[PDB]
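To keep things clear, I will list the structure first and then write my remarks on it.
Values in this text are rule-based calculations from the coordinates and carry no lab data.
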Amino acid sequence: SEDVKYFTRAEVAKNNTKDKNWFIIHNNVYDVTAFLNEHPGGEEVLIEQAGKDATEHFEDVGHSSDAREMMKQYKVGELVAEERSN
Ligand code: HEM
Ligand SMILES: [Mg+2]
Ligand SMILES: [Mg+2]
């Protein structure tokens, strides 16, 4: 009864512009198209990562507990395991 959708990195890479702004962080896939102007760190750092694995950039910032919880509402799925960063 889990209802997780699994994506490949090629599928994520198709969603690579500000109007379909997806990225991967720690093997979770997020669609932040509706978050761009709500992000305290601005929209450009997020548009720069559209279609990519943004894990290292996200971690370099050291986001807070509240930012980590806020992210969950933008999760749309997870990477297929064979492409995961382990
Ligand atoms: C593309 C990956 C991301 C990058 C590069 C990024 C970058 C940044 C930057 C530069 C700041 C300003 C704070 C600082 O520089 O000290 C920031 C703050 C913040 N970001 Fe992001 N961010 C990313 C993804 C997200 C996501 C998905 C969320 C959640 C919905 C989020 C939520 C926040 C919040 C709430 C803050 C305020 C500080 C904190 O709570 O940690 N960010 N971000
Ligand atoms: Mg910059
Ligand atoms: Mg780009």
- prompt: What number, rounded to the nearest 500 deg cm²/dmol, is the helix-based mean residue ellipticity at 222 nm of the chain, given -39500 (n - 2.57) per DSSP H run of at least four residues and division by all its residues?
  reply: -6500 deg cm²/dmol
query: Could you state the principal axis extents of the C-alpha atoms in the chain, from the largest down, to the nearest angstrom?
result: 33, 27, 24
- prompt: HN-Hα J couplings of region 38-55 from phi, Karplus 6.51/-1.76/1.60, θ = phi - 60°, integer Hz, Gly and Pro as x?
  reply: 9, 6, x, x, x, 7, 5, 5, 7, 5, 4, 8, 4, x, 10, 8, 9, 3
message: Please compute the length gained on full extension between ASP19 and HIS57, using 0.36 nm multiplied by the number of residues separating them and subtracting their Cα-Cα distance.
response: 11.6 nm
